[PDB]
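Here the sequence shown is numbered in full-length UniProt numbering, starting from 1 and rising by one per residue.
Have a look at the structure below before the remarks.
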Amino acid sequence: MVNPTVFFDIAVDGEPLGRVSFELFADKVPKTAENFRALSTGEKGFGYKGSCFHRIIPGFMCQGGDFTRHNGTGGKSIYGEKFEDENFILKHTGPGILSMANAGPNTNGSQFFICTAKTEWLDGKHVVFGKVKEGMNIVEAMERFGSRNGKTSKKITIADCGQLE
Ligand SMILES: CCOC(=O)CNC(=O)N(Cc1ccc(N)cc1)Cc1cn(C)nn1
Numbered sequence: 001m002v003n004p005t006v007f008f009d010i011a012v013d014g015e016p017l018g019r020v021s022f023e024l025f026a027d028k029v030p031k032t033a034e035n036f037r038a039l040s041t042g043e044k045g046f047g048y049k050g051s052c053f054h055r056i057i058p059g060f061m062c063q064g065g066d067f068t069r070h071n072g073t074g075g076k077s078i079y080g081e082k083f084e085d086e087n088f089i090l091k092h093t094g095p096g097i098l099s100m101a102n103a104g105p106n107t108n109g110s111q112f113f114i115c116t117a118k119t120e121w122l123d124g125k126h127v128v129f130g131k132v133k134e135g136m137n138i139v140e141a142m143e144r145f146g147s148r149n150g151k152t153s154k155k156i157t158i159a160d161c162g163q164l165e
């Protein structure tokens, strides 16, 4: 019944920064939420631990989850390489929204982004499946290492991750 919570412990060139936790809307997008959950625990034998935020645009979003190519071209879901857009019930309402990156319709893998602004233009094209619960301050700190073109000035990693509670 209860939506699951997952955490990322974030590091900046290897130096611990802080924890970000997320509520995953399993009640509204269960297939998508379960993929992110499972990738955060690593229970299928692959996942986010050790991966980076490869693209960070201040005033827009922080993107990550490419654990296979490390640069935005890769990633895979727990269901296979790519799974369908589950639904577009939830909207990109503001900072802290967690949503799937994709390369076209029905191309979800493992890549995700965390909004740091309202990104309404993505509604109905990216599946929203969670939100930051605690540590929006840590997201804002991460965001300061981005740039206009998205290249990061220091390496922003998920040092550890998993499920809370
Ligand atoms: C705000 C969300 O934007 C996207 O998802 C657009 N596509 C996307 O970002 N990527 C393409 C992508 C997304 C998901 C999958 N599964 C594969 C490719 C990853 C990427 C591209 N670049 C230059 N840096 N990162």
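C-beta atoms are modelled at their ideal positions from N, C-alpha and C, and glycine is treated no differently.
I'd like to confirm something about residue i: is its beta-carbon nearer than 8 angstroms to some heavy atom of ligand 1, or not?
i      : result
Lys131 : no
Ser99  : yes
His54  : yes
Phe22  : no
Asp85  : no
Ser51  : no
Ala11  : no
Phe113 : yes
Applying the 10 Å Cβ sphere with the 16-neighbour rule, what's the burial state of residue i?
i           : result
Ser147      : exposed
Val6        : buried
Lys151      : exposed
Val29       : buried
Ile10       : buried
residue 168 : Shown here, the chain extends from 1 to 165; a query on residue 168 therefore has no answer.
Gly124      : exposed
Given this structure, state the Cα-to-Cα distance separating residue i from residue j, to the nearest angstrom.
i           : j      : result
residue 166 : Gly75  : Residue 166 is absent from the structure shown; the chain starts at 1 and stops at 165.
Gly80       : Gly109 : 8 angstroms
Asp13       : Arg19  : 15 angstroms
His92       : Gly45  : 31 angstroms
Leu17       : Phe53  : 14 angstroms
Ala159      : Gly42  : 13 angstroms
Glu23       : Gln163 : 10 angstroms
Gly59       : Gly72  : 19 angstroms
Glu34       : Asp85  : 14 angstroms
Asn106      : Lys82  : 7 angstroms
Could you pull the start and end residues of the alpha helix (DSSP H) that residue i belongs to?
i      : result
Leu39  : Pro30 to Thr41
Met61  : First-last for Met61: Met61 to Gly64, but that is the beta strand (DSSP E), not the alpha helix (DSSP H).
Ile138 : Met136 to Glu143
Shorter than 8 angstroms, the distance from the beta carbon of residue i to the closest heavy atom of ligand 2, or not?
i     : result
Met61 : Of the ligands this structure carries, namely ligand 1, none is ligand 2.
Along the chain, where does the beta strand (DSSP E) containing residue i start, and where does it finish?
i      : result
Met100 : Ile97 to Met100
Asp123 : Taken as a continuous stretch (DSSP letters only), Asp123 belongs to no beta strand (DSSP E), as it is neither H nor E.
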